[PDB]
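To start, the structure under review is shown below, and the notes come after it.
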Ligand SMILES: [Fe+3]
Ligand SMILES: [Fe+3]
Ligand SMILES: [Mg+2]
Ligand SMILES: [Mg+2]
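Following this line, the structure appears as structure tokens:
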């Protein structure tokens, strides 16, 4: 079994480091004064970057891999997506959900993702997708720690038996309580739905992740209730507000007042760049707003924010290979986090900040933690992002669970020359 | 003791008038058909304007005189102001508050101000500033009638024990119940805080003065709740909405609907020109809104509105000499009340309208009232405002409590010539 990771670079640290492993955990981390020789039981990072695993804080595994079945979304709109999904209803079975979820999970394992939070639609009396996902969670456990959010997609108060079904999902084992206040019939139902969500989270000791203000409506302010209730209950660390795309459209004075509460509350925020740029701004003609939440300002204020993929290869988002560096690339561009340090520090948005969002208790390259880490064939976060590098090795419990042999590119000039896209 | 004020001009009246004094009160007011001779016990207004005392309806004596201690606010922003104040915390003592409050009160006495309403931060378990201000109120009584507002600066529902501290302040003697709904964590806390404020005012028979919608947010509409609750309780005369700067940003249709209620409710409004032009519009780039409430429209609709200085020589407003004619000058410009009559009638915004805001029962040059009046060396309100004249004499209880010997300016041309800035 592997005993050491050598010649590793660490974000924010100078030089090379050696990570000692024992009994599936990291026993010690020591600085090197030069390059160490390889040997039996040593995994050579080759001066590449070593980081804790990538994290997917927001994905819908119940709908993944269904694009084009039975028909393709040709307009690309949300409206048509709903119609295309409806045409596939006859194929939505226990086994179908498990097969598709596992296909995307394998791409995630290949991409160094060891922690995933999936929302599962529980606005279904049969709870078909939820029952399937609970089995998938157990099956994939050796490779990925999967959290399941009971997501009442059609609303809690605006759908028949919505609250009873949400609670049933928690009784069956869902890890997180979801909500979608802006989709409820009225603002009052929206606010009330959040009180019910928090009461359920406290009753069952579960986390909360709300699809919050995902709409280009400057009056959609459910985020202040999410933060206020979290502050009142002293549970900010266990609470997440996903999307908050309406914040992109708020006036600055209200946003400034709100930020004081967001910081005090300690809640987490998830932005989903690939999907937000695609589905937001659809009611504008020109100019067209970007529609991503205030990521740059959150970072400047010390508010925890991170990035999710949201959807993969389905009616709502036809693209994706479940790659977090690709999600990060889009977010840095749309949010204009394009200075060198902003890009280099970008890795935090898909590693540490996401681990905090999932309330993980065993995460990070530190002595005593499980030996879960990945190796990128790049010098730092900037280099990894610019070249969109694959994950050379993914290690979990001190064992290799994925590896990618890099592509090899050659140009035939006066003589053959290898191209690695470095200067 | 003084027995008469002679050769006085009165706003809106033709000619000169004689004001007879007896036992500290105004016994009678009689018109003169010409200029009266001076004599023992007669104070000669010298055809200057005589008016009841200036009033300061909104000031923060607990923070006054602290600019630059220990450091100056260099950006001039609200954010930096909060930080600069925090650096002075070690100096905030009982004696410090009394010393600074008294310094500004002396400037006010010098400026003919005999009525002052100060807000005091009661979001402090030790209520240090409040205890100091209650002593200052007693000490300054011979010269100024000071009203104290228990101002829950950090919110009523959004600060630990906020409501209990607000009530404690009333039990200690604060004259007015304050609130700040737009600063509460949520809109619901904002509305609820107003119900609590009104309940306390009725329980203790106190006035109300709310820091209301002081934010460039077109959705901040707490003013309608303040007016509706006042109308319901039949207590409009005892209620004031300070700032209402959000009203500057409302659409016209909602404002028109709202105005019917504002008039019916009978509540008072305070605009703070020097501070509002400075702190509002800070989130705009260009064009930049003025951010003062709808003063001109309130006047046209018969809604009582008046002007306050707000802050004097502190982190939030570095300037000021506590001069009401200077406050009026700024308000007339920013609110575009620049026609001759609008400027001339401007004095009402710092005298009669402010007295109504403070619910004063002994105010005005009328027989039976206490002999509290001031003399301006000007022909009318327009002239006093244009030349920013000092207060020649301030009389309280029939005795002179302040006087200013005017500056004397000379230009040396072919011969020396006195310049008084009159044409
Ligand atoms: Fe989602
Ligand atoms: Fe104030
Ligand atoms: Mg979605
Ligand atoms: Mg203020």
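Residue numbers (UniProt numbering), protein chains in the order written: chain G, 5 to 427; chain U, 5 to 427.
Think of the CB as a built atom: it goes at the ideal place given N, C-alpha and C, for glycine as much as any other residue.
Taking the beta carbon of residue 189 (chain U) as reference, the chain G residues within 8 Å of it are 228, 231, 232, 235 and 265, listed in sequence order. Near ligand 3, meaning a Cβ closer than 7 Å to any of its heavy atoms, lie the following residues in chain order: G:64, G:215, G:218, G:279, G:314, G:315 and G:320. At a beta-carbon threshold of 9 Å, the residues of chain G lying near residue 223 (chain U) are 222, 223, 225, 255 and 258, ordered along the chain.
In this structure, the alpha-carbon of residue 277 (chain U) lies about 11 Å from that of residue 62 (chain U). When CB distances to chain G are screened at a threshold of 8 Å, the residues of the segment 165-189 of chain U falling below it are 186, 187 and 189, in chain order. Residue 219 (chain U) reaches chain G at 257, 258 and 261, counting residues in chain order whose Cβ is nearer than 8 Å.
Ligand 2 has no heavy atom closer than 7 Å to the beta-carbon of residue 186 (chain U).
Counting only runs of at least 4 residues, the segment 236-269 of chain G fully encloses the following alpha helix (DSSP H) elements, listed from N- to C-terminal order: 256-269. Fewer than three beta-carbon pairs drawn from the segment 131-141 of chain G and the segment 351-366 of chain G are found closer than 8 Å, and the two stretches are therefore not classed as touching. Every alpha helix (DSSP H) of 4 residues or more that sits fully in the segment 275-328 of chain G is shown, in chain order, as 277-283 and 299-304. Cβ neighbours of residue 341 (chain U) within its own chain (closer than 8 Å, five residues either side excluded): 299, 300, 303, 335, 347 and 350.
Annotation for residue 62 (chain G) indicates a beta carbon within 7 Å of some heavy atom of ligand 1. Counting only unbroken stretches of 4 or more residues, the alpha helix (DSSP H) elements lying wholly within the segment 356-410 of chain U are 356-361 and 385-391, in sequence order. If you check the C-beta of residue 282 (chain U) against ligand 2, you find no heavy atom less than 7 Å away. Counting only Cβ-Cβ distances below 8 Å, residue 195 (chain G) has contacts in chain U at 192, in chain order.
Taking each of G:206, G:223 and G:173 in turn and checking the Cα distance to residue 185 (chain G), the smallest one comes out for G:223. Interface annotation, residue 287 (chain U): in contact with chain G, CB-CB separation under 8 Å. The residues 84, 85, 88 and 319, in chain order, have a CB closer than 6 Å to that of residue 77 (chain G) in the same chain once the five nearest residues on each side in sequence are set aside.
Of the candidates U:69, U:151 and U:45, U:69 places its Cα closest to the Cα of residue 111 (chain U). Only buried fits residue 235 (chain G), as 16 or more other CB atoms lie within 10 angstroms of its CB. For residue 170 (chain G) against residue 156 (chain G), the beta-carbon gap comes to about 5 Å, under 8 Å, which counts as contact. The beta carbon of residue 281 (chain G) sits closer than 6 Å to those of 338, all from its chain and outside the five residues before and after it, given in chain order. Contact fails between the segment 387-402 of chain U and the segment 92-100 of chain U, because fewer than three Cβ pairs, one in each stretch, are under 8 Å apart. DSSP places residue 35 (chain G) in the strand class (E or B) of the three-state scheme.
Inclusion of residue 147 (chain G) and residue 400 (chain G) in the CB contact set at 8 Å is warranted, their separation being smaller than that value. Within the segment 104-155 of chain U, the complete alpha helix (DSSP H) runs of at least 4 residues fall at 132-144.
Membership of residue 206 (chain G) in the alpha helix (DSSP H) is indicated by the continuous run 191-208. For the pair residue 158 (chain G) and residue 166 (chain G), the CB atoms are nearer than the 8 Å cut-off.
At least one heavy atom of ligand 1 lies less than 7 Å from the C-beta of residue 246 (chain G). Excluding residues up to 5 positions away in sequence, 229 lie with their Cβ nearer than 6 Å to the Cβ of residue 195 (chain U) in the same chain. When the Cα atoms are used, residue 396 (chain U) and residue 377 (chain U) turn out to be separated by approximately 11 Å. Taking non-hydrogen atoms of ligand 1 into account, the C-beta of residue 98 (chain U) is found less than 7 Å away from none of them. Between the beta-carbon of residue 96 (chain G) and that of residue 43 (chain G) there is about 52 Å, and that puts the pair past the 8 Å contact cut.
Taking C-beta atoms under 8 Å as the contact rule, residue 33 (chain U) and residue 405 (chain U) fail to qualify, at a distance of about 21 Å.
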